[PDB]
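First come two forms of one protein chain, each written alone as structure tokens, so that there is a structure 1 and a structure 2.
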Structure 1
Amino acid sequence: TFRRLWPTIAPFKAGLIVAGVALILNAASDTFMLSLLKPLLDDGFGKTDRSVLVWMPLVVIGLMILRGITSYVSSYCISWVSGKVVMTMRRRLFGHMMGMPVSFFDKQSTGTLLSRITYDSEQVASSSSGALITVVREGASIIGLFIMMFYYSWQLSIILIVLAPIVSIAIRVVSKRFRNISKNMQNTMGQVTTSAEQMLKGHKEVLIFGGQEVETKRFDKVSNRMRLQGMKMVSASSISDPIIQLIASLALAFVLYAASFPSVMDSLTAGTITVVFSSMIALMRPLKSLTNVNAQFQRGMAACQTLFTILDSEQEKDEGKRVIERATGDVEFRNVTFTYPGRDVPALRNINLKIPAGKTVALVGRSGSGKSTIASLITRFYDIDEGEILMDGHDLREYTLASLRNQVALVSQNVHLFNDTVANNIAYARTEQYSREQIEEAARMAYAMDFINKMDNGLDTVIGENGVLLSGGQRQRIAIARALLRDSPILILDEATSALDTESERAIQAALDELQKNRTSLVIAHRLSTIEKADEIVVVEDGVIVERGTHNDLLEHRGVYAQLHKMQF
């Protein structure tokens, strides 16, 4: 089907050839054990020769340390090939779901992302290697159990194998009639139950009219007709099994009649009869599972096209080559309009925001629709629909993504801490550029030295999740340390309030005020303290920035900033 997965398996085909030689020896050692019946019953138990029962108990345990040795050697060769072709796909999906647009991670799939590198990535090899075990184990067992019969007695094997189709079709033909008769009877049984349901519905009219005795006499006739149509469903399903058993045993009677009295037979002496009959019973288990080979090779290959749809998908649009090093200017918006992918209602209308040099602007308002969206466009997590965002006399589309992302610092509340020491989370992906010496200065000027001191090991504690764990204020201060160390010229202070509690508010305010030196920042406003002190106060209300006036003029006005004071107080 989708055999573009074979090049992933090709580097390791040395556990599919050792599990194709140590699994034929697992099946060829089951059709040799079953051949021990012929000596046992001919020259063993039946005869007075005791010598056959003294070497055989050794080879009964001399053939099941070879069914165990070759059942484990063939499991440290498919668990090693179905583990290195799942690993090399698990780590190829986690290089494609780490660069594509955050639109996919937004809400297209949130918790099923792991299910495609933990569950659907192991099922592409736990159901495609279970369809090679079954087609190569139980395709040499089927050949050994067919060579035994034709070696020991072909005369009886031919007649035995000719009657198997005739028995099977007869059983199916006699089963079909009784199944459809049972269905026809259950239809009438359902009809009578419906009549009883309509009988029970009129209690409120039974009571008032006084038909309690006339209504129970009419359930003496719907109940007598529920047992006569109920005992005709057990008198039609209990007559099926005896007849199919009789049909099956007519074949056995014919085989026994033909196996001795004709002179063509009677080359059999008590051991060729039992092996030939006992192997055909052993031919059914390696025939029920062989049919389901393609029922598993296709169930474990839809989960390959799923991962080849997640893989080979549109990666992030890294358009442009222009390189910017420092935002010595203004990150301006001009007439831009953007709508979230997957929806039609415009979340952002025409907006003209100017972020001046050496100043800060505050996206004021608790609207909840217009504050975070403008923040998201600067870093180009979501690309714009139409218009222009200007940066240093250019456009963000023209600039390289790697050269734009490294200029914006999100000092947010919900910030991620990676599973490393409390120093590389302050210098993530810049450990070579920044030496530890800068890291003490960053922690000191971020006022995080106190929490650094009260630690089990110092500036080396595993700090992310599955580790020490922190509170909100400490994560805020770590993010502030990151931003201060990186010296990013653009900041987006999310500033979720969370708590205004004393001795944490002081620390975060001091760290933030030290951060915002000459840096030009757009602050998402949730705390009035920064709204009071801002160069420009811009209200966002369903994407129409109309109350754009500064703090003083808009405070004098009764506009949305005055109304902000009203709802805050």
Structure 2
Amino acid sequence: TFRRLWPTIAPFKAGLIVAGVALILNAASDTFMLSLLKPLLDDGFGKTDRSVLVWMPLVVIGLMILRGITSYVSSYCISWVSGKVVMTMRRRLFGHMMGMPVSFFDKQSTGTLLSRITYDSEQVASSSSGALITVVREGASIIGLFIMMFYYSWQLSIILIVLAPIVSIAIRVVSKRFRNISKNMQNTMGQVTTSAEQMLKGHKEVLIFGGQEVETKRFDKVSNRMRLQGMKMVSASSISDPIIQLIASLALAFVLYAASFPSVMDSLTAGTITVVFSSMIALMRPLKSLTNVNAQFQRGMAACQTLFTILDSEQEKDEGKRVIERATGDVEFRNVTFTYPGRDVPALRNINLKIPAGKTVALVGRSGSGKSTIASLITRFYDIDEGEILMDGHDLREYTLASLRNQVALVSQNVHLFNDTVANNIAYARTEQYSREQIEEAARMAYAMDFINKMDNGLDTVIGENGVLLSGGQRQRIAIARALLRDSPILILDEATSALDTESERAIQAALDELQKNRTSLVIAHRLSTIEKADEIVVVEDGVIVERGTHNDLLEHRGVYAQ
């Protein structure tokens, strides 16, 4: 439905009427130029008069100055409406996927929704504004070329106004045929493209098992299947326009044969028969464009109703009303059982896990099928199915989501770096209240500044993409710095260090023990240093915990934790 999209375009109505009257005036500029062919052959090369050939080059430049200006104005004042509309409805998309849950981002829709901001909204504004250019402009061309034809010779224009529905019907059925094989072939193109992607993706096993002559013989059958499909693109799209221009020229022959009729027709001068038989050649592109506009507008509305799936999608549930000033209370799981959205296997059994205030709790393992999931549930990235993760005596759903996520603070080696200054990157969404003094003391407290003070601009450098691209261990260091300035009683650590950097690890672990000196830390473990610094060690195997306690009690009976 177009009526959903119209309140977006409704503020920019003036550009649609200024260019709307600059498309009628553009199509009444080549119409009044084909109407100059009557007083050129009748009055300049019929009756000999040089006078019409004196001002005729002047109006020929005049109508082309008008046509050029009116073509620039209409293609700027529509592409300002169709630029501001896509700007508005893609910055409304972005404001609706910054509140839509992580499970929506977690492989329900991948990073290709970048293309659903950049391409799928430009295609709406370029197929609904290109379907107004060929409705106003070619509609005014059809209207104006059927006035000057009716003014000069009504006898041929009656035949033409009969025949032009027949030529439009022919254009519709011939274009609908190509639209049938194309949208049917689309699937075999997808199959034949993934069939060549798959063999290239298995390159290593191709070289190992020795099928560099079998896979060659299989690429002699899929490339031959791409060739024999690309030749059916051109056996269907290049039979279309020869058929269209032959049915259309049958109208060019019927009007020409009807102009041989002795008395009812053939009272037409040379200029009149030049105007009628040159407007007909100029009637072919208005007839082609006005017949295929509904297959262009419904390529814009088919993407607009694709974009509005997101605009009516459910955002993240902020169904809580209480605000946490500081989470001094200890967060504790209570009968919590969780299942991943989009899957049926549960990643969390019925588990009570207490994280005491000021005491770190380790998560020792590699995958666990639930280790990073447990870290995600405290931040409420994925909403809980049943159970209650009690936070200061109340469940997470009781609190407002922004104040809930203010208490938690993840730290990762794969942390995100914005295209901002490192002063604002340290203090994201806290630039106004938290001044530069707190930022520089917190950067010095985490021992970050030894890298920052030696940079090109100090605390003004751009770190992210199209930036200086700071180090992998410096990503965790800048995550310590963002974890600093406090107001974060809960810390989430992964430690993806792997290869420890020499002489920077001595400051990284110093800042890490500064991070874990107080406050309710929950760390997942790949380093035995964080393991022996842990207080209550938690180990999850195959999505469940059985064994808990400190390192000594888990060292008394080995199980799978010790080795």
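Just so we're on the same page, residue numbers count up from 1 along structure 1's sequence. Take the two forms, find the largest set of C-alpha atoms that superpose within 1.5 Å, and that set is the rigid core.
Aligning the rigid core between the two structures and inspecting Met97, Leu250, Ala302, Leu470, the C-alpha positions shift by 2 Å or more at one residue, which is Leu250. Core-superposed comparison between the two structures: CA of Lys232 displaced by 2 Å or more. Relative to the superposed rigid core, the position of the CA of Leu287 differs between the two structures by less than 2 Å. Core-superposed comparison between the two structures: CA of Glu205 displaced by 2 Å or more. If you overlay the core, the Cα of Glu541 moves by 0.9 Å between the two structures. If you overlay the core, the Cα of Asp392 moves by 1.2 Å between the two structures.
On a core-based overlay, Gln186 has a Cα shift of 24.8 Å between the two structures.
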